[PDB]
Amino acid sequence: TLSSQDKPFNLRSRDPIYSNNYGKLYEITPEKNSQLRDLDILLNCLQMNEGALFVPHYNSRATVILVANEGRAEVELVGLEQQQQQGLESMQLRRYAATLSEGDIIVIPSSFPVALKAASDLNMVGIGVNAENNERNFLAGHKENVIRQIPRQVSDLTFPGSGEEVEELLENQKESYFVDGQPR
């Protein structure tokens, strides 16, 4: 594309950050895209097969716009939204979950967790805003799982369990990001 680039040039989708047999995730950031740098946008390309599950996680600062290209997706964000709560109260917990069809969009705000179920073999394109320094935290699977960095002292005080008992729950998971959510 271009005998005459030096402006925008074309960006495609090169090596994966998360790859394996369940799915793939292709993120391009601003730290590595002058074009996306100027603009503050990050892109991705989520790959998946039916029965594969995209473990619970949340972005630190990026608000991701999920676009459904080819496929059906069960979603699930989870929340804690308002402020005219104030004195604790009102501030309730939500589970917002759905089925994305082709052309169905879903927004995944900054500190919310989420998990994506792939009812079919599935393709999604996301656009995260405020992508600078984005970090993505995992609360399940072996790797990137933050609930597992926490040490036993605290762990058993945080959770109704015991450092190892919990510790087992945490090791239970053989894999990483992507999994099989076999029915049940």
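Throughout, we count residues from 1 along the sequence that is shown.
Averaging only over Cα atoms, indicate whether 84 to 92 or 71 to 79 has the higher B-factor in the PDB entry. On average, C-alpha B-factors are higher across 84 to 92.
State which stretch shows the higher mean Cα B factor in the entry: 152 to 160 or 123 to 131. The stretch with the larger average C-alpha B-factor is 152 to 160.
Just to confirm, going by the entry's C-alpha B-factors, which of 13, 172, 10, 20 comes out highest? Among 13, 172, 10, 20, the highest C-alpha B-factor in the entry belongs to 172.
Taking only the Cα B-factors deposited for this chain, tell me whether residue 44 sits in the lowest, middle or highest third. Highest third - that is where residue 44 ends up once the chain's C-alpha B-factors are sorted.
Thinking about Cα B factors across the chain, which third does residue 107 belong to? Middle third of the chain for residue 107's C-alpha B-factor.
Per the entry's values, where does residue 138 land by CA temperature factor relative to the rest of its chain, in the lowest, middle or highest third? It belongs to the middle third of the chain when residues are ordered by C-alpha B-factor.
Classify residue 100 as lowest, middle or highest third according to the C-alpha B-factor given in the PDB entry, relative to its own chain. It falls in the middle third of the chain.
Classify residue 52 as lowest, middle or highest third according to the C-alpha B-factor given in the PDB entry, relative to its own chain. Highest third, going by the recorded CA B-factors of the chain.
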